[PDB]
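Enquirer: This is structure_24.pdb (PDB, C-alpha atoms (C1' of nucleotides)).
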```pdb
MODEL        1
ATOM      1  CA  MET V   1      34.499   9.858 103.719
ATOM      2  CA  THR V   2      32.089   9.754 100.778
ATOM      3  CA  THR V   3      30.142  12.159  98.526
ATOM      4  CA  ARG V   4      31.958  15.326  99.538
ATOM      5  CA  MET V   5      31.438  18.687  97.845
ATOM      6  CA  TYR V   6      34.167  20.493  95.901
ATOM      7  CA  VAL V   7      34.130  24.163  94.885
ATOM      8  CA  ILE V   8      35.640  25.388  91.610
ATOM      9  CA  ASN V   9      37.183  28.872  91.573
ATOM     10  CA  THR V  10      37.996  30.035  88.049
ATOM     11  CA  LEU V  11      41.256  31.926  87.543
ATOM     12  CA  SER V  12      40.297  33.016  84.009
ATOM     13  CA  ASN V  13      37.421  33.073  81.542
ATOM     14  CA  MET V  14      35.897  29.624  81.038
ATOM     15  CA  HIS V  15      34.384  28.315  77.800
ATOM     16  CA  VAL V  16      32.878  24.822  77.872
ATOM     17  CA  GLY V  17      31.202  24.412  74.506
ATOM     18  CA  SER V  18      27.657  23.098  74.218
ATOM     19  CA  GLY V  19      28.197  21.808  70.680
ATOM     20  CA  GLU V  20      24.846  23.111  69.426
ATOM     21  CA  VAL V  21      24.614  24.877  66.066
ATOM     22  CA  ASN V  22      23.491  28.447  66.770
ATOM     23  CA  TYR V  23      22.783  30.413  63.595
ATOM     24  CA  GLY V  24      22.600  33.756  65.414
ATOM     25  CA  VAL V  25      25.342  36.129  66.482
ATOM     26  CA  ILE V  26      27.036  33.871  69.049
ATOM     27  CA  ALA V  27      28.144  30.769  67.164
ATOM     28  CA  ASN V  28      30.037  29.426  70.203
ATOM     29  CA  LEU V  29      27.656  29.190  73.169
ATOM     30  CA  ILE V  30      28.723  27.938  76.593
ATOM     31  CA  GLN V  31      27.302  24.903  78.364
ATOM     32  CA  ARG V  32      24.141  25.493  80.395
ATOM     33  CA  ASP V  33      22.259  23.381  82.912
ATOM     34  CA  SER V  34      19.303  21.371  81.633
ATOM     35  CA  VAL V  35      16.730  22.393  84.261
ATOM     36  CA  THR V  36      17.862  25.758  85.666
ATOM     37  CA  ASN V  37      19.450  27.065  82.413
ATOM     38  CA  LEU V  38      22.420  28.249  84.472
ATOM     39  CA  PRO V  39      25.964  27.836  83.111
ATOM     40  CA  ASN V  40      27.466  24.509  84.123
ATOM     41  CA  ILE V  41      30.113  21.891  83.390
ATOM     42  CA  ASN V  42      29.097  18.352  82.505
ATOM     43  CA  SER V  43      30.675  15.600  84.569
ATOM     44  CA  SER V  44      32.155  14.214  81.345
ATOM     45  CA  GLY V  45      34.282  17.316  80.796
ATOM     46  CA  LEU V  46      35.157  17.490  84.489
ATOM     47  CA  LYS V  47      36.318  13.867  84.462
ATOM     48  CA  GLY V  48      38.284  14.444  81.264
ATOM     49  CA  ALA V  49      40.074  17.493  82.662
ATOM     50  CA  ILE V  50      40.905  15.826  85.977
ATOM     51  CA  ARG V  51      42.114  12.702  84.149
ATOM     52  CA  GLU V  52      44.296  14.892  81.928
ATOM     53  CA  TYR V  53      45.861  16.510  84.994
ATOM     54  CA  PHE V  54      46.512  13.116  86.624
ATOM     55  CA  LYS V  55      47.522  11.241  83.455
ATOM     56  CA  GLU V  56      51.152  11.093  84.623
ATOM     57  CA  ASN V  57      50.207   8.758  87.504
ATOM     58  CA  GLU V  58      49.061   5.755  85.485
ATOM     59  CA  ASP V  59      48.076   3.576  88.452
ATOM     60  CA  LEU V  60      46.021   6.316  90.120
ATOM     61  CA  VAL V  61      44.161   7.038  86.873
ATOM     62  CA  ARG V  62      43.527   3.337  86.266
ATOM     63  CA  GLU V  63      42.232   2.771  89.799
ATOM     64  CA  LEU V  64      40.088   5.894  90.154
ATOM     65  CA  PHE V  65      39.114   6.942  86.618
ATOM     66  CA  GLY V  66      38.925   3.587  84.837
ATOM     67  CA  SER V  67      40.753   2.422  81.718
ATOM     68  CA  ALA V  68      42.148   4.048  78.602
ATOM     69  CA  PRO V  69      39.706   4.126  75.654
ATOM     70  CA  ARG V  70      41.986   1.885  73.555
ATOM     71  CA  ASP V  71      43.127  -0.422  76.355
ATOM     72  CA  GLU V  72      42.605  -4.097  75.559
ATOM     73  CA  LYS V  73      40.906  -4.716  78.917
ATOM     74  CA  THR V  74      38.172  -2.428  80.215
ATOM     75  CA  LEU V  75      37.979  -1.260  83.833
ATOM     76  CA  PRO V  76      34.995   0.682  85.222
ATOM     77  CA  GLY V  77      35.688   3.932  87.007
ATOM     78  CA  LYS V  78      35.413   3.753  90.778
ATOM     79  CA  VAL V  79      34.963   7.475  91.505
ATOM     80  CA  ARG V  80      31.638   9.093  90.605
ATOM     81  CA  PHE V  81      31.862  12.627  89.205
ATOM     82  CA  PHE V  82      28.912  15.012  89.102
ATOM     83  CA  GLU V  83      28.122  18.051  86.989
ATOM     84  CA  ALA V  84      29.450  21.387  88.231
ATOM     85  CA  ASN V  85      26.604  23.841  88.816
ATOM     86  CA  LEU V  86      27.157  27.583  89.029
ATOM     87  CA  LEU V  87      27.326  28.978  92.564
ATOM     88  CA  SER V  88      28.543  32.592  92.344
ATOM     89  CA  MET V  89      29.133  34.915  89.404
ATOM     90  CA  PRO V  90      30.960  38.259  89.313
ATOM     91  CA  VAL V  91      28.864  41.315  88.492
ATOM     92  CA  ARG V  92      30.153  44.803  87.749
ATOM     93  CA  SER V  93      29.834  47.462  90.439
ATOM     94  CA  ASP V  94      30.728  51.115  90.988
ATOM     95  CA  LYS V  95      31.885  51.132  94.622
ATOM     96  CA  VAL V  96      33.912  47.928  94.155
ATOM     97  CA  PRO V  97      35.394  46.378  90.995
ATOM     98  CA  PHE V  98      32.873  43.527  91.142
ATOM     99  CA  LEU V  99      30.395  41.763  93.414
ATOM    100  CA  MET V 100      29.738  38.056  93.951
ATOM    101  CA  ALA V 101      26.217  37.351  92.694
ATOM    102  CA  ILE V 102      24.039  34.509  93.972
ATOM    103  CA  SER V 103      20.262  34.125  93.852
ATOM    104  CA  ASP V 104      17.799  32.807  96.408
ATOM    105  CA  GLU V 105      16.884  30.003  94.004
ATOM    106  CA  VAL V 106      20.567  29.090  93.656
ATOM    107  CA  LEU V 107      20.792  28.873  97.451
ATOM    108  CA  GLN V 108      17.623  26.755  97.593
ATOM    109  CA  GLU V 109      19.013  24.422  94.924
ATOM    110  CA  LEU V 110      22.317  24.140  96.798
ATOM    111  CA  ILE V 111      20.540  23.348 100.079
ATOM    112  CA  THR V 112      18.345  20.730  98.394
ATOM    113  CA  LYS V 113      21.328  19.144  96.629
ATOM    114  CA  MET V 114      23.300  18.991  99.882
ATOM    115  CA  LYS V 115      20.314  17.454 101.681
ATOM    116  CA  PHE V 116      19.850  14.810  98.979
ATOM    117  CA  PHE V 117      23.546  13.935  98.716
ATOM    118  CA  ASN V 118      24.514  14.456 102.392
ATOM    119  CA  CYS V 119      27.938  15.988 101.881
ATOM    120  CA  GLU V 120      30.671  15.432 104.451
ATOM    121  CA  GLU V 121      30.115  18.779 106.213
ATOM    122  CA  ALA V 122      26.528  19.205 105.065
ATOM    123  CA  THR V 123      24.596  19.582 108.331
ATOM    124  CA  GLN V 124      25.943  22.908 109.609
ATOM    125  CA  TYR V 125      26.005  24.444 106.132
ATOM    126  CA  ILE V 126      22.404  23.379 105.481
ATOM    127  CA  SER V 127      21.232  24.800 108.809
ATOM    128  CA  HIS V 128      23.023  28.131 108.371
ATOM    129  CA  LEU V 129      22.028  28.507 104.709
ATOM    130  CA  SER V 130      18.402  27.780 105.609
ATOM    131  CA  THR V 131      18.588  30.435 108.331
ATOM    132  CA  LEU V 132      20.071  32.941 105.871
ATOM    133  CA  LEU V 133      17.444  32.167 103.222
ATOM    134  CA  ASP V 134      14.625  32.443 105.768
ATOM    135  CA  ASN V 135      15.932  35.828 106.922
ATOM    136  CA  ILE V 136      16.242  36.982 103.301
ATOM    137  CA  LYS V 137      12.677  35.909 102.502
ATOM    138  CA  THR V 138      11.414  37.591 105.676
ATOM    139  CA  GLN V 139      13.112  40.871 104.756
ATOM    140  CA  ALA V 140      12.198  40.772 101.054
ATOM    141  CA  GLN V 141       8.455  40.208 101.654
ATOM    142  CA  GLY V 142       8.025  38.889  98.118
ATOM    143  CA  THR V 143       9.585  41.923  96.423
ATOM    144  CA  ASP V 144      12.653  42.095  94.212
ATOM    145  CA  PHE V 145      15.759  42.534  96.334
ATOM    146  CA  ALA V 146      19.515  42.967  96.150
ATOM    147  CA  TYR V 147      21.114  42.495  99.568
ATOM    148  CA  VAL V 148      24.743  43.109 100.489
ATOM    149  CA  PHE V 149      26.111  42.355 103.939
ATOM    150  CA  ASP V 150      29.195  44.539 104.223
ATOM    151  CA  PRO V 151      27.883  47.942 105.400
ATOM    152  CA  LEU V 152      30.400  49.652 103.096
ATOM    153  CA  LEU V 153      28.770  48.083 100.015
ATOM    154  CA  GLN V 154      25.389  49.768 100.529
ATOM    155  CA  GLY V 155      24.235  51.464  97.349
ATOM    156  CA  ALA V 156      26.515  49.424  95.097
ATOM    157  CA  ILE V 157      25.019  49.313  91.608
ATOM    158  CA  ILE V 158      24.837  46.193  89.476
ATOM    159  CA  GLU V 159      25.694  47.589  86.066
ATOM    160  CA  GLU V 160      23.820  45.148  83.817
ATOM    161  CA  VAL V 161      20.707  45.103  86.020
ATOM    162  CA  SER V 162      20.717  48.754  87.040
ATOM    163  CA  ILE V 163      19.675  48.095  90.645
ATOM    164  CA  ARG V 164      21.444  49.455  93.719
ATOM    165  CA  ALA V 165      22.030  47.035  96.578
ATOM    166  CA  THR V 166      20.563  47.554 100.042
ATOM    167  CA  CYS V 167      22.068  46.397 103.329
ATOM    168  CA  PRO V 168      19.752  44.387 105.626
ATOM    169  CA  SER V 169      21.453  44.992 108.955
ATOM    170  CA  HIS V 170      19.722  42.247 110.954
ATOM    171  CA  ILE V 171      20.641  39.433 108.517
ATOM    172  CA  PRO V 172      24.045  37.980 109.524
ATOM    173  CA  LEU V 173      26.441  36.395 107.043
ATOM    174  CA  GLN V 174      28.774  33.917 108.726
ATOM    175  CA  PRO V 175      32.497  33.767 107.851
ATOM    176  CA  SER V 176      32.223  30.197 106.542
ATOM    177  CA  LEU V 177      29.416  31.299 104.223
ATOM    178  CA  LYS V 178      31.687  34.158 103.142
ATOM    179  CA  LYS V 179      34.440  31.654 102.349
ATOM    180  CA  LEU V 180      32.049  29.435 100.391
ATOM    181  CA  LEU V 181      29.986  31.961  98.421
ATOM    182  CA  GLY V 182      32.818  34.485  98.098
ATOM    183  CA  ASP V 183      33.731  37.948  99.323
ATOM    184  CA  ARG V 184      31.629  41.012  98.463
ATOM    185  CA  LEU V 185      28.523  38.872  98.094
ATOM    186  CA  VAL V 186      25.209  40.205  96.774
ATOM    187  CA  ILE V 187      22.065  38.070  96.992
ATOM    188  CA  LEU V 188      19.481  38.985  94.361
ATOM    189  CA  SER V 189      16.047  37.865  93.271
ATOM    190  CA  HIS V 190      15.713  35.053  90.747
ATOM    191  CA  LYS V 191      14.809  37.455  87.935
ATOM    192  CA  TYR V 192      17.874  39.641  88.525
ATOM    193  CA  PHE V 193      20.222  36.643  88.461
ATOM    194  CA  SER V 194      18.469  35.198  85.401
ATOM    195  CA  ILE V 195      18.938  38.506  83.575
ATOM    196  CA  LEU V 196      22.570  38.696  84.707
ATOM    197  CA  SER V 197      23.364  35.131  83.603
ATOM    198  CA  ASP V 198      21.435  35.112  80.314
ATOM    199  CA  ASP V 199      23.047  35.038  76.875
ATOM    200  CA  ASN V 200      22.611  38.791  76.342
ATOM    201  CA  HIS V 201      24.429  39.771  79.559
ATOM    202  CA  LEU V 202      27.178  37.161  79.753
ATOM    203  CA  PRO V 203      30.543  38.376  78.398
ATOM    204  CA  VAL V 204      30.678  37.911  74.626
ATOM    205  CA  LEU V 205      34.031  38.240  72.858
ATOM    206  CA  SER V 206      34.686  38.932  69.182
ATOM    207  CA  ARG V 207      37.434  36.955  67.460
ATOM    208  CA  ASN V 208      38.828  36.690  63.944
ATOM    209  CA  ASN V 209      41.348  34.742  61.884
ATOM    210  CA  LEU V 210      43.849  36.788  59.873
ATOM    211  CA  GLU V 211      45.599  35.636  56.688
ATOM    212  CA  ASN V 212      48.469  38.013  55.838
ATOM    213  CA  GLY V 213      46.731  40.897  57.605
ATOM    214  CA  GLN V 214      43.245  40.555  56.098
ATOM    215  CA  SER V 215      40.414  38.946  58.044
ATOM    216  CA  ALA V 216      39.568  35.431  56.866
ATOM    217  CA  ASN V 217      36.921  34.553  59.475
ATOM    218  CA  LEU V 218      34.929  36.200  62.253
ATOM    219  CA  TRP V 219      32.879  34.706  65.080
ATOM    220  CA  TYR V 220      31.521  35.629  68.503
ATOM    221  CA  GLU V 221      32.349  33.633  71.632
ATOM    222  CA  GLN V 222      30.641  33.832  75.011
ATOM    223  CA  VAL V 223      32.525  32.938  78.186
ATOM    224  CA  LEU V 224      32.013  32.480  81.899
ATOM    225  CA  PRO V 225      33.460  35.487  83.770
ATOM    226  CA  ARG V 226      36.739  35.068  85.615
ATOM    227  CA  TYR V 227      36.429  34.319  89.375
ATOM    228  CA  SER V 228      33.134  32.478  88.843
ATOM    229  CA  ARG V 229      32.426  29.841  91.488
ATOM    230  CA  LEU V 230      31.025  26.406  90.640
ATOM    231  CA  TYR V 231      30.408  23.387  92.859
ATOM    232  CA  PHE V 232      30.291  19.672  92.092
ATOM    233  CA  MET V 233      29.844  16.488  94.111
ATOM    234  CA  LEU V 234      32.412  13.679  94.134
ATOM    235  CA  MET V 235      31.418  10.179  95.269
ATOM    236  CA  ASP V 236      34.076   7.524  95.820
ATOM    237  CA  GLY V 237      32.897   3.950  95.401
ATOM    238  CA  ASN V 238      34.961   0.881  96.294
ATOM    239  CA  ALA V 239      38.118   2.904  95.673
ATOM    240  CA  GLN V 240      41.349   2.309  97.563
ATOM    241  CA  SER V 241      41.969   4.781 100.374
ATOM    242  CA  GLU V 242      45.611   5.484  99.470
ATOM    243  CA  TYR V 243      44.830   6.480  95.879
ATOM    244  CA  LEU V 244      41.840   8.494  97.097
ATOM    245  CA  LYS V 245      44.034  10.363  99.587
ATOM    246  CA  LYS V 246      46.629  11.065  96.892
ATOM    247  CA  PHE V 247      43.867  12.321  94.584
ATOM    248  CA  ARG V 248      42.320  14.575  97.234
ATOM    249  CA  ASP V 249      45.691  15.979  98.316
ATOM    250  CA  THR V 250      46.776  16.764  94.754
ATOM    251  CA  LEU V 251      43.365  18.148  93.764
ATOM    252  CA  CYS V 252      43.094  20.456  96.794
ATOM    253  CA  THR V 253      46.748  21.520  96.796
ATOM    254  CA  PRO V 254      46.997  25.316  96.340
ATOM    255  CA  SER V 255      49.652  24.854  93.628
ATOM    256  CA  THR V 256      47.345  22.670  91.501
ATOM    257  CA  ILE V 257      45.659  24.390  88.547
ATOM    258  CA  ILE V 258      43.195  22.430  86.401
ATOM    259  CA  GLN V 259      42.198  23.398  82.861
ATOM    260  CA  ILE V 260      38.513  22.803  82.083
ATOM    261  CA  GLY V 261      36.879  23.491  78.738
ATOM    262  CA  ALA V 262      38.153  24.900  75.452
ATOM    263  CA  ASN V 263      40.880  27.340  74.409
ATOM    264  CA  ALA V 264      43.564  25.981  76.731
ATOM    265  CA  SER V 265      46.379  27.641  74.767
ATOM    266  CA  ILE V 266      44.851  31.099  75.289
ATOM    267  CA  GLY V 267      44.363  30.575  79.013
ATOM    268  CA  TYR V 268      40.684  29.637  79.194
ATOM    269  CA  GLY V 269      39.106  27.548  81.925
ATOM    270  CA  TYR V 270      41.929  27.524  84.472
ATOM    271  CA  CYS V 271      40.546  26.910  87.945
ATOM    272  CA  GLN V 272      41.320  25.714  91.463
ATOM    273  CA  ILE V 273      39.393  22.937  93.210
ATOM    274  CA  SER V 274      38.672  23.467  96.907
ATOM    275  CA  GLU V 275      36.966  21.101  99.326
ATOM    276  CA  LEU V 276      34.041  21.999 101.558
ATOM    277  CA  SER V 277      35.673  23.406 104.676
ATOM    278  CA  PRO V 278      34.262  22.323 108.057
ATOM    279  CA  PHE V 279      31.961  24.960 109.512
TER     280      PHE V 279
ATOM    281  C1'   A Q   1       6.509 -26.008  87.465
ATOM    282  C1'   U Q   2       4.483 -23.815  82.337
ATOM    283  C1'   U Q   3      10.597 -24.610  75.462
ATOM    284  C1'   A Q   4      11.637 -22.709  82.307
ATOM    285  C1'   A Q   5      14.889 -19.654  86.053
ATOM    286  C1'   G Q   6      19.214 -15.746  86.582
ATOM    287  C1'   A Q   7      21.189 -11.200  83.307
ATOM    288  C1'   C Q   8      20.877  -2.481  83.937
ATOM    289  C1'   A Q   9      22.625  -1.754  76.597
ATOM    290  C1'   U Q  10      26.727  -1.426  79.861
ATOM    291  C1'   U Q  11      32.727  -0.080  80.270
ATOM    292  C1'   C Q  12      36.304   3.363  78.727
ATOM    293  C1'   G Q  13      35.739   8.821  76.162
ATOM    294  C1'   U Q  14      37.075  17.099  77.989
ATOM    295  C1'   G Q  15      33.165  19.857  72.153
ATOM    296  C1'   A Q  16      38.232  19.736  71.702
ATOM    297  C1'   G Q  17      42.256  21.093  68.496
ATOM    298  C1'   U Q  18      44.405  25.925  64.908
ATOM    299  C1'   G Q  19      42.477  31.520  64.788
ATOM    300  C1'   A Q  20      45.223  39.158  66.410
ATOM    301  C1'   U Q  21      38.364  42.376  65.641
ATOM    302  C1'   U Q  22      41.707  43.099  61.904
ATOM    303  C1'   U Q  23      42.276  45.743  57.029
ATOM    304  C1'   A Q  24      41.397  50.744  54.199
ATOM    305  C1'   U Q  25      40.393  56.209  55.861
ATOM    306  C1'   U Q  26      44.765  63.512  56.632
ATOM    307  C1'   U Q  27      40.131  66.586  62.107
ATOM    308  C1'   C Q  28      40.018  68.453  57.411
ATOM    309  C1'   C Q  29      37.386  72.357  54.185
ATOM    310  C1'   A Q  30      36.048  78.310  53.745
ATOM    311  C1'   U Q  31      37.637  82.793  56.250
ATOM    312  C1'   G Q  32      42.142  89.769  55.345
ATOM    313  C1'   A Q  33      44.019  91.157  62.890
ATOM    314  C1'   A Q  34      41.285  94.103  60.367
ATOM    315  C1'   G Q  35      38.077  99.370  60.093
ATOM    316  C1'   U Q  36      38.033 104.674  61.028
ATOM    317  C1'   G Q  37      40.698 109.311  62.015
ATOM    318  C1'   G Q  38      38.874 113.825  65.071
ATOM    319  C1'   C Q  39      39.418 119.159  66.675
ATOM    320  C1'   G Q  40      42.020 123.645  66.566
ATOM    321  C1'   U Q  41      38.200 126.715  59.659
TER     322        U Q  41
ENDMDL
END
```
How does this structure look as structure tokens?
Expert:
Amino acid sequence: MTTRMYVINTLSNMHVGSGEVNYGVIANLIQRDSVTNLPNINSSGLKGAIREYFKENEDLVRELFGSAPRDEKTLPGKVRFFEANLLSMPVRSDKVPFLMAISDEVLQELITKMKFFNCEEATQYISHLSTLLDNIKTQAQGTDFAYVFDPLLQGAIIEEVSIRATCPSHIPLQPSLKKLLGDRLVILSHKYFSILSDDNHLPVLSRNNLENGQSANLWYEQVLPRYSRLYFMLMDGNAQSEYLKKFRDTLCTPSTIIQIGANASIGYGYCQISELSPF
RNA sequence: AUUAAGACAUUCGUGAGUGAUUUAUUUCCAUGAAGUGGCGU
């Protein structure tokens, strides 16, 4: 009942600002992971968003999240939040509106993270993901690859990285892996996913401020594509079981929508938190 | 047995709030639905 894995499914474009002064075209850059350079959410922003959703229940917030910043007495937080690392990203396609993109290195990182943290349902997922990765490496033979598993998606083109996907027939994708990584899943090489997720290929949006019809300002914003999947780990310390159960029920309720990041008033960063389903 | 032993620079903290890729710009300028009759001396 500890250190379980939660999956974040974005319902809209997400912008979590990095706060670094970029003097190039994109003034507002999104938050990226320190080691893998993949888009991510810091555990600080995740905790802030989840606290903002739960702020109505004062006792639950005090028990699980800690104390208010201007409370006279300080109370340490009992639940440990972890940074949300990117799992799947949507990529444009011709046969289907989009494909779910994941790389072999992303799968390796996920397997290693699950092994280190020992999630609640980690064993079966680790075994099956290792089998899938071994089959993928056997079929690829060290070459660049783009593998889809639905036979109808053969020859689907990734628009940014103009590579058509091939279907390895003997590599099976289990339904639980489909639920986790997403439907219409394409597994690419590390270089293809790095090119897809870099600053030049992530969606960049142009915005302006108008004063009586004439443009006062202009800036470029980059965002995480809608339907992107991110995963984070949640460890509960010496937290009370009743408050933990309330938190997990509310967080994983299908009617619960959490806003993470910037631009809340223009519908940015709205997502659903799902728990790791038993295999 | 020695101005000694014990002590995490830690707790709480969303890079967030406001922002229309908009304003100005004629698919327009030139151009003949015209030219010629023929044979029967």
Enquirer: Could you work out which residues of chain Q fall inside 6 Å of chain V? Count all atoms listed in the file, and format the result as a PyMOL selection string.
Expert: chain Q and resi 11-12+14-15+19+21-23
Enquirer: Starting from the shown file, work through the PyMOL selection byres ((chain V and resi 176) around 10) and note down what comes out as a ChimeraX atom specification.
Expert: /V:125,128,173-175,177-182,276-279
Enquirer: Using the chain letters and numbering of this document, enumerate as an mmCIF file with C-alpha atoms, in the frame of the given file the residues selected by the PyMOL selection byres ((chain V and resi 8) around 10).
Expert:
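Output below, filename selection-v2.cif:
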```cif
data_model
loop_
_atom_site.group_PDB
_atom_site.id
_atom_site.type_symbol
_atom_site.label_atom_id
_atom_site.label_comp_id
_atom_site.auth_asym_id
_atom_site.auth_seq_id
_atom_site.Cartn_x
_atom_site.Cartn_y
_atom_site.Cartn_z
ATOM 1 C CA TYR V 6 34.167 20.493 95.901
ATOM 2 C CA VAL V 7 34.130 24.163 94.885
ATOM 3 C CA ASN V 9 37.183 28.872 91.573
ATOM 4 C CA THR V 10 37.996 30.035 88.049
ATOM 5 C CA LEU V 11 41.256 31.926 87.543
ATOM 6 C CA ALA V 84 29.450 21.387 88.231
ATOM 7 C CA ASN V 85 26.604 23.841 88.816
ATOM 8 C CA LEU V 86 27.157 27.583 89.029
ATOM 9 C CA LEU V 87 27.326 28.978 92.564
ATOM 10 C CA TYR V 227 36.429 34.319 89.375
ATOM 11 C CA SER V 228 33.134 32.478 88.843
ATOM 12 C CA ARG V 229 32.426 29.841 91.488
ATOM 13 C CA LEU V 230 31.025 26.406 90.640
ATOM 14 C CA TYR V 231 30.408 23.387 92.859
ATOM 15 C CA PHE V 232 30.291 19.672 92.092
ATOM 16 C CA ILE V 258 43.195 22.430 86.401
ATOM 17 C CA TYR V 270 41.929 27.524 84.472
ATOM 18 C CA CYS V 271 40.546 26.910 87.945
ATOM 19 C CA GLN V 272 41.320 25.714 91.463
ATOM 20 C CA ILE V 273 39.393 22.937 93.210
ATOM 21 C CA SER V 274 38.672 23.467 96.907
ATOM 22 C CA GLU V 275 36.966 21.101 99.326
#
```
Enquirer: Interatomic distance between atom CA of residue 24 of chain V and atom CA of residue 220 of chain V?
Expert: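 Calculated distance between atom CA of residue 24 of chain V and atom CA of residue 220 of chain V is 9.6 Å.
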Enquirer: Could you check how far atom CA of residue 139 of chain V sits from atom CA of residue 166 of chain V, in Å to one decimal?
Expert: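 Rounded to one decimal, the two atoms are 11.1 Å apart.
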Enquirer: Using Å and a single decimal, report how far atom CA of residue 40 of chain V sits from atom CA of residue 233 of chain V.
Expert: 13.0 Å
Enquirer: Step by step, work through what the PyMOL selection byres ((chain V and resi 204) around 12) selects in the shown file, and finish by giving those residues as a list in words.
Expert: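 Checked against the file, the PyMOL selection byres ((chain V and resi 204) around 12) matches residues 13, 14, 15, 25, 26, 27, 28, 29, 30, 197, 198, 199, 200, 201, 202, 203, 205, 206, 207, 219, 220, 221, 222, 223, 224 and 225 of chain V.
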Enquirer: Any idea what's packed within 12 Å of residue 140 of chain V, counting only C-alpha atoms (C1' of nucleotides), ignoring anything in its chain fewer than 3 positions away? Could you give it as a PyMOL selection string?
Expert: chain V and resi 104+133-137+143-147+166-168+171+187-189
Enquirer: How would the residues just picked look written out with C-alpha atoms as an mmCIF file, in the frame of the given file?
Expert:
```cif
data_model
loop_
_atom_site.group_PDB
_atom_site.id
_atom_site.type_symbol
_atom_site.label_atom_id
_atom_site.label_comp_id
_atom_site.auth_asym_id
_atom_site.auth_seq_id
_atom_site.Cartn_x
_atom_site.Cartn_y
_atom_site.Cartn_z
ATOM 1 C CA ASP V 104 17.799 32.807 96.408
ATOM 2 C CA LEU V 133 17.444 32.167 103.222
ATOM 3 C CA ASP V 134 14.625 32.443 105.768
ATOM 4 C CA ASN V 135 15.932 35.828 106.922
ATOM 5 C CA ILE V 136 16.242 36.982 103.301
ATOM 6 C CA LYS V 137 12.677 35.909 102.502
ATOM 7 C CA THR V 143 9.585 41.923 96.423
ATOM 8 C CA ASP V 144 12.653 42.095 94.212
ATOM 9 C CA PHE V 145 15.759 42.534 96.334
ATOM 10 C CA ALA V 146 19.515 42.967 96.150
ATOM 11 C CA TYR V 147 21.114 42.495 99.568
ATOM 12 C CA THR V 166 20.563 47.554 100.042
ATOM 13 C CA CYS V 167 22.068 46.397 103.329
ATOM 14 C CA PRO V 168 19.752 44.387 105.626
ATOM 15 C CA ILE V 171 20.641 39.433 108.517
ATOM 16 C CA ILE V 187 22.065 38.070 96.992
ATOM 17 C CA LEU V 188 19.481 38.985 94.361
ATOM 18 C CA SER V 189 16.047 37.865 93.271
#
```
Enquirer: Skip residue 247 of chain V itself and residues of its chain fewer than 5 positions away, then list as a PyMOL selection string all residues within 12 Å of it, counting all atoms listed in the file.
Expert: chain V and resi 50-51+53-55+57+59-61+63-65+79+234+236+239-242+252-253+256+273
Enquirer: Tell me, as a ChimeraX atom specification, which residues lie within 9 Å of residue 95 of chain V, counting all atoms listed in the file; anything in the same chain fewer than 3 positions away does not count.
Expert: /V:98,152-157
Enquirer: Select, counting all atoms listed in the file, all protein, DNA and RNA residues no farther than 8 Å from (15.9, 32.4, 87.0) in file coordinates, and express the selection as a PDB file with C-alpha atoms, keeping the file's coordinate frame.
Expert:
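In the end it all went to selection-v9.pdb:
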```pdb
ATOM      1  CA  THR V  36      17.862  25.758  85.666  1.00  0.00           C
ATOM      2  CA  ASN V  37      19.450  27.065  82.413  1.00  0.00           C
ATOM      3  CA  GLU V 105      16.884  30.003  94.004  1.00  0.00           C
ATOM      4  CA  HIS V 190      15.713  35.053  90.747  1.00  0.00           C
ATOM      5  CA  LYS V 191      14.809  37.455  87.935  1.00  0.00           C
ATOM      6  CA  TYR V 192      17.874  39.641  88.525  1.00  0.00           C
ATOM      7  CA  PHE V 193      20.222  36.643  88.461  1.00  0.00           C
ATOM      8  CA  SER V 194      18.469  35.198  85.401  1.00  0.00           C
ATOM      9  CA  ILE V 195      18.938  38.506  83.575  1.00  0.00           C
TER      10      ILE V 195
END
```
